Each structure stands twice: as C-alpha cells, then as structure tokens.
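File shown here: input.cif, holding mmCIF, N, CA and C atoms.
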data_target
#
loop_
_atom_site.label_atom_id
_atom_site.label_comp_id
_atom_site.auth_asym_id
_atom_site.auth_seq_id
_atom_site.Cartn_x
_atom_site.Cartn_y
_atom_site.Cartn_z
N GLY V 797 0.73 -1.24 0.00
CA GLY V 797 0.00 0.00 0.00
C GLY V 797 0.77 1.30 0.00
N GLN V 798 -0.02 2.35 -0.14
CA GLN V 798 0.41 3.60 -0.73
C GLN V 798 -0.27 4.77 -0.06
N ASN V 799 0.39 5.92 -0.13
CA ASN V 799 -0.03 7.11 0.59
C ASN V 799 -1.16 7.75 -0.17
N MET V 800 -2.31 7.84 0.49
CA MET V 800 -3.37 8.76 0.10
C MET V 800 -3.59 9.75 1.23
N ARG V 801 -3.71 11.03 0.89
CA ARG V 801 -3.84 12.07 1.91
C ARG V 801 -5.22 11.97 2.54
N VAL V 802 -5.31 12.19 3.85
CA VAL V 802 -6.60 12.10 4.54
C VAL V 802 -6.63 13.05 5.73
N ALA V 803 -7.85 13.30 6.21
CA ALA V 803 -8.08 14.23 7.31
C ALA V 803 -9.10 13.64 8.27
N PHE V 804 -8.88 13.91 9.58
CA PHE V 804 -9.65 13.31 10.67
C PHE V 804 -10.56 14.39 11.21
N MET V 805 -11.83 14.26 10.93
CA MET V 805 -12.80 15.24 11.37
C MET V 805 -14.21 14.73 11.10
N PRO V 806 -15.14 14.86 12.04
CA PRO V 806 -16.51 14.40 11.78
C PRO V 806 -17.21 15.30 10.78
N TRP V 807 -18.13 14.73 10.00
CA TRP V 807 -18.85 15.47 8.96
C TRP V 807 -20.10 14.75 8.49
N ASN V 808 -21.26 15.39 8.71
CA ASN V 808 -22.42 15.22 7.84
C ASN V 808 -22.85 13.77 7.69
N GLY V 809 -22.87 13.01 8.77
CA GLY V 809 -23.51 11.71 8.73
C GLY V 809 -22.77 10.66 7.96
N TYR V 810 -21.69 11.01 7.29
CA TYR V 810 -20.90 9.98 6.67
C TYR V 810 -19.86 9.41 7.61
N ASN V 811 -19.82 9.85 8.85
CA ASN V 811 -18.74 9.42 9.72
C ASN V 811 -19.24 8.97 11.09
N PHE V 812 -20.24 8.06 11.14
CA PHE V 812 -20.80 7.62 12.42
C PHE V 812 -19.71 7.04 13.32
N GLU V 813 -19.17 5.87 13.01
CA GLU V 813 -17.92 5.42 13.62
C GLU V 813 -16.91 4.97 12.59
N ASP V 814 -17.33 4.13 11.67
CA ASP V 814 -16.45 3.22 10.92
C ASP V 814 -16.79 3.24 9.44
N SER V 815 -16.95 4.43 8.89
CA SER V 815 -16.99 4.59 7.45
C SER V 815 -15.70 5.27 7.01
N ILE V 816 -15.18 4.86 5.86
CA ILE V 816 -14.02 5.51 5.26
C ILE V 816 -14.47 6.30 4.04
N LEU V 817 -14.32 7.62 4.10
CA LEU V 817 -14.91 8.53 3.11
C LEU V 817 -13.83 9.15 2.25
N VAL V 818 -13.61 8.56 1.09
CA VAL V 818 -12.70 9.10 0.09
C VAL V 818 -13.54 9.66 -1.04
N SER V 819 -13.05 10.74 -1.65
CA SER V 819 -13.78 11.44 -2.70
C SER V 819 -13.40 10.91 -4.08
N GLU V 820 -13.93 11.55 -5.12
CA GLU V 820 -13.94 10.98 -6.46
C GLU V 820 -12.56 10.83 -7.09
N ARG V 821 -11.54 11.47 -6.53
CA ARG V 821 -10.25 11.55 -7.21
C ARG V 821 -9.62 10.19 -7.43
N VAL V 822 -9.52 9.40 -6.37
CA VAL V 822 -8.86 8.11 -6.50
C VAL V 822 -9.62 7.23 -7.48
N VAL V 823 -10.96 7.34 -7.47
CA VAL V 823 -11.76 6.65 -8.47
C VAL V 823 -11.31 7.05 -9.84
N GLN V 824 -10.96 8.32 -10.00
CA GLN V 824 -10.25 8.70 -11.21
C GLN V 824 -8.78 8.29 -11.13
N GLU V 825 -8.19 8.30 -9.94
CA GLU V 825 -6.76 8.12 -9.80
C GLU V 825 -6.35 6.67 -9.78
N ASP V 826 -7.31 5.76 -9.84
CA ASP V 826 -7.02 4.34 -9.92
C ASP V 826 -6.25 3.84 -8.72
N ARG V 827 -6.03 4.70 -7.73
CA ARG V 827 -5.11 4.37 -6.66
C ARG V 827 -5.64 3.17 -5.88
N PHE V 828 -5.00 2.02 -6.10
CA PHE V 828 -5.46 0.69 -5.72
C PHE V 828 -6.58 0.15 -6.63
N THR V 829 -6.25 -0.32 -7.83
CA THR V 829 -7.19 -1.12 -8.61
C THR V 829 -6.94 -2.61 -8.42
N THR V 830 -7.85 -3.46 -8.89
CA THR V 830 -7.69 -4.90 -8.71
C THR V 830 -7.57 -5.65 -10.03
N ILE V 831 -6.93 -6.83 -10.00
CA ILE V 831 -6.81 -7.73 -11.15
C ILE V 831 -6.66 -9.16 -10.66
N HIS V 832 -7.69 -9.97 -10.85
CA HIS V 832 -7.73 -11.33 -10.31
C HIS V 832 -8.15 -12.33 -11.39
N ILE V 833 -7.59 -13.54 -11.31
CA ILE V 833 -7.70 -14.54 -12.37
C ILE V 833 -8.04 -15.90 -11.77
N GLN V 834 -9.23 -16.40 -12.08
CA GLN V 834 -9.65 -17.75 -11.71
C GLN V 834 -9.39 -18.68 -12.88
N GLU V 835 -9.24 -19.97 -12.61
CA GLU V 835 -8.80 -20.94 -13.61
C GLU V 835 -10.00 -21.62 -14.24
N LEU V 836 -9.77 -22.32 -15.35
CA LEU V 836 -10.82 -23.02 -16.08
C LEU V 836 -10.23 -24.17 -16.89
N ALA V 837 -11.10 -25.02 -17.45
CA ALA V 837 -10.65 -26.22 -18.14
C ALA V 837 -11.74 -26.84 -18.99
N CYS V 838 -11.41 -28.00 -19.57
CA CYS V 838 -12.37 -28.87 -20.25
C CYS V 838 -11.78 -30.27 -20.36
N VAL V 839 -12.64 -31.24 -20.66
CA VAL V 839 -12.28 -32.65 -20.70
C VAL V 839 -12.93 -33.32 -21.92
N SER V 840 -12.37 -34.46 -22.32
CA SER V 840 -12.75 -35.11 -23.58
C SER V 840 -13.58 -36.37 -23.41
N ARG V 841 -13.09 -37.36 -22.66
CA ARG V 841 -13.88 -38.51 -22.22
C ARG V 841 -14.37 -39.36 -23.40
N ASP V 842 -13.42 -40.06 -24.02
CA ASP V 842 -13.76 -41.12 -24.97
C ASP V 842 -14.57 -42.23 -24.30
N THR V 843 -15.83 -42.35 -24.68
CA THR V 843 -16.83 -43.01 -23.86
C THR V 843 -17.25 -44.36 -24.45
N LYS V 844 -18.16 -45.02 -23.73
CA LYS V 844 -18.88 -46.16 -24.28
C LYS V 844 -19.91 -45.71 -25.32
N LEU V 845 -20.69 -44.67 -25.00
CA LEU V 845 -21.59 -44.08 -25.98
C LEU V 845 -20.84 -43.30 -27.05
N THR C 266 -27.46 -33.29 -22.34
CA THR C 266 -26.03 -33.10 -22.56
C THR C 266 -25.12 -33.90 -21.63
N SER C 267 -25.59 -34.36 -20.47
CA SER C 267 -24.73 -34.85 -19.39
C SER C 267 -24.71 -36.37 -19.22
N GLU C 268 -23.52 -36.95 -18.99
CA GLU C 268 -23.38 -38.37 -18.70
C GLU C 268 -22.25 -38.66 -17.71
N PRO C 269 -22.33 -39.77 -16.98
CA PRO C 269 -21.19 -40.21 -16.17
C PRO C 269 -20.34 -41.24 -16.92
N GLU C 270 -19.25 -41.67 -16.28
CA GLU C 270 -18.23 -42.50 -16.93
C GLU C 270 -18.56 -43.99 -16.79
N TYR C 271 -18.31 -44.78 -17.86
CA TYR C 271 -18.59 -46.22 -17.81
C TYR C 271 -17.63 -46.97 -18.73
N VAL C 272 -16.50 -47.40 -18.18
CA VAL C 272 -15.61 -48.36 -18.81
C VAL C 272 -14.70 -48.90 -17.72
N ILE C 273 -14.53 -50.22 -17.66
CA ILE C 273 -13.83 -50.82 -16.53
C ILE C 273 -12.41 -51.20 -16.92
N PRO C 274 -11.40 -50.50 -16.41
CA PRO C 274 -10.03 -50.94 -16.65
C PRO C 274 -9.77 -52.25 -15.93
N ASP C 275 -9.56 -53.31 -16.70
CA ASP C 275 -9.32 -54.61 -16.09
C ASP C 275 -7.83 -54.91 -16.03
N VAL C 276 -7.11 -54.57 -17.08
CA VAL C 276 -5.66 -54.69 -17.10
C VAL C 276 -5.08 -53.33 -17.45
N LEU C 277 -3.87 -53.09 -16.97
CA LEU C 277 -3.22 -51.79 -17.13
C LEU C 277 -1.79 -51.98 -17.59
N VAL C 278 -1.53 -51.53 -18.82
CA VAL C 278 -0.20 -51.44 -19.38
C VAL C 278 0.07 -49.96 -19.55
N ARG C 279 1.12 -49.46 -18.92
CA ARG C 279 1.32 -48.03 -18.79
C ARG C 279 2.49 -47.58 -19.65
N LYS C 280 2.90 -48.44 -20.58
CA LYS C 280 4.10 -48.21 -21.38
C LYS C 280 5.28 -47.89 -20.47
N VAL C 281 5.55 -48.80 -19.53
CA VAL C 281 6.57 -48.54 -18.52
C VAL C 281 7.93 -48.76 -19.17
N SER C 282 8.53 -47.67 -19.63
CA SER C 282 9.89 -47.66 -20.17
C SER C 282 10.04 -48.56 -21.39
N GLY C 283 9.08 -48.49 -22.31
CA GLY C 283 9.07 -49.36 -23.47
C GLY C 283 8.77 -50.79 -23.08
N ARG C 284 8.02 -51.47 -23.96
CA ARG C 284 7.46 -52.78 -23.63
C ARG C 284 6.67 -52.69 -22.32
N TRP C 285 5.51 -52.03 -22.44
CA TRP C 285 4.67 -51.64 -21.31
C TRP C 285 4.67 -52.64 -20.16
N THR C 286 4.72 -52.14 -18.93
CA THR C 286 4.47 -52.96 -17.76
C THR C 286 2.97 -53.12 -17.63
N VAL C 287 2.46 -54.18 -18.24
CA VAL C 287 1.04 -54.48 -18.17
C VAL C 287 0.73 -55.06 -16.80
N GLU C 288 -0.41 -54.69 -16.25
CA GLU C 288 -0.86 -55.28 -15.01
C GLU C 288 -2.37 -55.27 -14.97
N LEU C 289 -2.95 -56.34 -14.46
CA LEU C 289 -4.39 -56.38 -14.36
C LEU C 289 -4.87 -55.43 -13.27
N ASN C 290 -6.18 -55.35 -13.13
CA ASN C 290 -6.77 -54.64 -12.00
C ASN C 290 -6.81 -55.58 -10.80
N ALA C 291 -6.20 -55.18 -9.69
CA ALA C 291 -6.10 -56.05 -8.52
C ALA C 291 -7.46 -56.28 -7.88
N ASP C 292 -8.22 -55.21 -7.64
CA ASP C 292 -9.51 -55.34 -6.98
C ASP C 292 -10.50 -56.10 -7.85
N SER C 293 -10.41 -55.93 -9.17
CA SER C 293 -11.31 -56.64 -10.08
C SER C 293 -11.03 -58.13 -10.10
N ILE C 294 -9.81 -58.54 -9.79
CA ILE C 294 -9.49 -59.97 -9.79
C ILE C 294 -10.20 -60.63 -8.61
N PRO C 295 -11.08 -61.59 -8.84
CA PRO C 295 -11.78 -62.24 -7.72
C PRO C 295 -10.85 -63.14 -6.93
N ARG C 296 -11.21 -63.35 -5.66
CA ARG C 296 -10.44 -64.20 -4.77
C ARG C 296 -11.32 -64.60 -3.60
N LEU C 297 -11.18 -65.84 -3.14
CA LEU C 297 -11.94 -66.34 -2.01
C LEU C 297 -11.02 -66.50 -0.81
N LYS C 298 -11.63 -66.60 0.37
CA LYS C 298 -10.87 -66.87 1.59
C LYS C 298 -11.34 -68.21 2.13
N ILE C 299 -10.39 -69.11 2.35
CA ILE C 299 -10.69 -70.44 2.86
C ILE C 299 -11.23 -70.32 4.27
N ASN C 300 -12.29 -71.06 4.58
CA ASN C 300 -12.82 -71.02 5.93
C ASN C 300 -11.85 -71.72 6.86
N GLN C 301 -10.92 -70.93 7.42
CA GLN C 301 -9.97 -71.47 8.38
C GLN C 301 -10.65 -71.84 9.69
N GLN C 302 -11.73 -71.14 10.03
CA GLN C 302 -12.54 -71.54 11.18
C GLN C 302 -13.18 -72.90 10.94
N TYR C 303 -13.87 -73.05 9.81
CA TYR C 303 -14.41 -74.35 9.44
C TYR C 303 -13.32 -75.35 9.14
N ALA C 304 -12.17 -74.89 8.62
CA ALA C 304 -11.02 -75.77 8.50
C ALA C 304 -10.62 -76.33 9.85
N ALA C 305 -10.74 -75.51 10.90
CA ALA C 305 -10.57 -75.96 12.27
C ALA C 305 -11.89 -76.38 12.89
N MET C 306 -13.00 -76.30 12.15
CA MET C 306 -14.26 -76.79 12.68
C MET C 306 -14.60 -78.15 12.09
N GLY C 307 -13.68 -78.75 11.35
CA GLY C 307 -13.97 -80.02 10.73
C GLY C 307 -13.33 -81.23 11.37
N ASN C 308 -12.02 -81.19 11.57
CA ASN C 308 -11.32 -82.36 12.10
C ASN C 308 -11.80 -82.67 13.51
N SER C 309 -11.90 -81.65 14.35
CA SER C 309 -12.29 -81.83 15.74
C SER C 309 -13.78 -82.14 15.86
N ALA C 310 -14.53 -81.99 14.76
CA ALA C 310 -15.93 -82.37 14.78
C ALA C 310 -16.03 -83.84 15.16
N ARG C 311 -16.93 -84.15 16.11
CA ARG C 311 -17.11 -85.51 16.61
C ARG C 311 -17.36 -86.44 15.44
N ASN C 312 -18.16 -85.97 14.49
CA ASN C 312 -18.22 -86.55 13.16
C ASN C 312 -16.96 -86.08 12.46
N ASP C 313 -15.83 -86.71 12.81
CA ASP C 313 -14.59 -86.45 12.09
C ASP C 313 -14.75 -86.77 10.62
N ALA C 314 -15.69 -87.66 10.29
CA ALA C 314 -16.06 -87.89 8.90
C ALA C 314 -16.71 -86.65 8.30
N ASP C 315 -17.72 -86.09 8.97
CA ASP C 315 -18.39 -84.91 8.43
C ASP C 315 -17.42 -83.74 8.31
N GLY C 316 -16.62 -83.51 9.35
CA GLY C 316 -15.69 -82.40 9.31
C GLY C 316 -14.54 -82.58 8.33
N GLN C 317 -14.02 -83.80 8.24
CA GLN C 317 -12.96 -84.06 7.26
C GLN C 317 -13.50 -83.99 5.84
N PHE C 318 -14.77 -84.36 5.64
CA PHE C 318 -15.40 -84.16 4.35
C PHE C 318 -15.56 -82.68 4.05
#
Starting from the file, lay out its structure as structure tokens.
Amino acid sequence: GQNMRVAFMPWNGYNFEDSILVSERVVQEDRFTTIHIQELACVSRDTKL
Amino acid sequence: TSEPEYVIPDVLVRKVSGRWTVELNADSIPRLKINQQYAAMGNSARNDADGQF
C-alpha cells in the first residue's frame, strides 16, 4: 500500500464510527485497482456411448 | 447433454519404459478366503467324517 492524503474530522452523517470517506479523485486516480484470475478447463472422455 | 463414466479398466499397461508394464486390476481380480474356522471346525468335529469331508 500507498499514501493517500486524509483528514480526521466528523462530517455530515458519513462518519458515524467506521466509514471511510474518500472522494472521487482516486476513483479517477485508480489508486489501488484490482486484477484477479480464476482458472478453467475442459475434458474429452472417450466413452462407451 | 450430461453423462457419467462407464468403462472398466481390467488390465493396465502403462508403457513402462518401453514394452509396457502391463498389469491387471487387482480389486477386479476375484479371490476367495478359505474357511480357516471351518477348516478348524472339521477335524475336531465328533463326526470327524463330516468335518474331514
């Protein structure tokens, strides 16, 4: 992880106890995006039928 | 679209280092167990004839 600037102060119902309130910039700034890869396959099965 | 598997490997040759090491299926090979209890329940039978038979 990485430095994002933040400020500690109550405000306007978004900060009851345990909400983290970041504004639109990082959503533009991509700061912490994700990339995850699950696996897949197939099978052949030379059968009786 | 869907089916399960149906073919019974009875013998297995795995091409073990050329000239495959063929081997049958061990569990598929039938085998009986001699009644060793009845083997010991025959001679001592008072009818040693019945038990020896």
Inset, instruction - Using all atoms listed in the file, select each residue of chain V with any atom at most 8 Å away from an atom of chain C, and give the selection as a list in words. - result: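 Here they are: residues 841, 842, 843, 844 and 845 of chain V.
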If you run DSSP on this backbone, which residues of chain C come out as strand (DSSP E or B), and could you give them as a JSON list (two decimals) with N, CA and C atoms, in the frame of the given file?
[["chain", "number", "residue", "atom", "x", "y", "z"],
["C", 276, "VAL", "N", -7.11, -54.57, -17.08],
["C", 276, "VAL", "CA", -5.66, -54.69, -17.10],
["C", 276, "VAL", "C", -5.08, -53.33, -17.45],
["C", 277, "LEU", "N", -3.87, -53.09, -16.97],
["C", 277, "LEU", "CA", -3.22, -51.79, -17.13],
["C", 277, "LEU", "C", -1.79, -51.98, -17.59],
["C", 278, "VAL", "N", -1.53, -51.53, -18.82],
["C", 278, "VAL", "CA", -0.20, -51.44, -19.38],
["C", 278, "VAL", "C", 0.07, -49.96, -19.55],
["C", 287, "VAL", "N", 2.46, -54.18, -18.24],
["C", 287, "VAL", "CA", 1.04, -54.48, -18.17],
["C", 287, "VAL", "C", 0.73, -55.06, -16.80],
["C", 288, "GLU", "N", -0.41, -54.69, -16.25],
["C", 288, "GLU", "CA", -0.86, -55.28, -15.01],
["C", 288, "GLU", "C", -2.37, -55.27, -14.97],
["C", 289, "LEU", "N", -2.95, -56.34, -14.46],
["C", 289, "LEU", "CA", -4.39, -56.38, -14.36],
["C", 289, "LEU", "C", -4.87, -55.43, -13.27]]
Inset, instruction - Step by step, work through what the PyMOL selection byres ((chain C and resi 277) around 6.5) selects in the shown file, and finish by giving those residues as a ChimeraX atom specification. - result: /C:274-276,278-279,286-290
Inset, instruction - Please indicate the distance in Å from atom N of residue 797 (chain V) to atom N of residue 828 (chain V), rounded to one decimal place. - result: 9.0 Å
Inset, instruction - Work out how far CA of residue 313 (chain C) is from atom C of residue 298 (chain C), in Å to one decimal. - result: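 Between atom C of residue 298 (chain C) and CA of residue 313 (chain C) the gap is 21.0 Å.
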Inset, instruction - Select from chain C everything DSSP, run on the backbone, classes as helix (DSSP H, G or I), then give the selection as a PyMOL selection string. - result: chain C and resi 301-304+313-317
Inset, instruction - Report the distance between CA of residue 302 (chain C) and atom N of residue 316 (chain C) in Å, rounded to one decimal place. - result: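 Those two atoms sit 12.8 Å apart.
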Inset, instruction - Could you give me, as a PyMOL selection string, the residues within 12 Å of residue 816 (chain V), counting only C-alpha atoms and dropping anything in the same chain fewer than 6 positions from it? - result: chain V and resi 802-807+809-810
Around all of region 302-306 of chain C's listed atoms, make the axis-aligned box with 8 Å on each side and tell me centre and edge lengths in Å to one decimal, as lines of an AutoDock Vina configuration file.
center_x = -12.6
center_y = -74.6
center_z = 10.7
size_x = 20.0
size_y = 23.0
size_z = 20.4
Inset, instruction - Any chance you could resolve the PyMOL selection byres (((chain V and resi 819-822 and name CA) around 12) and name CA) against this file and give the residues as a list in words? - result: residues 798, 799, 800, 801, 802, 803, 810, 816, 817, 818, 823, 824, 825, 826, 827, 828 and 829 of chain V
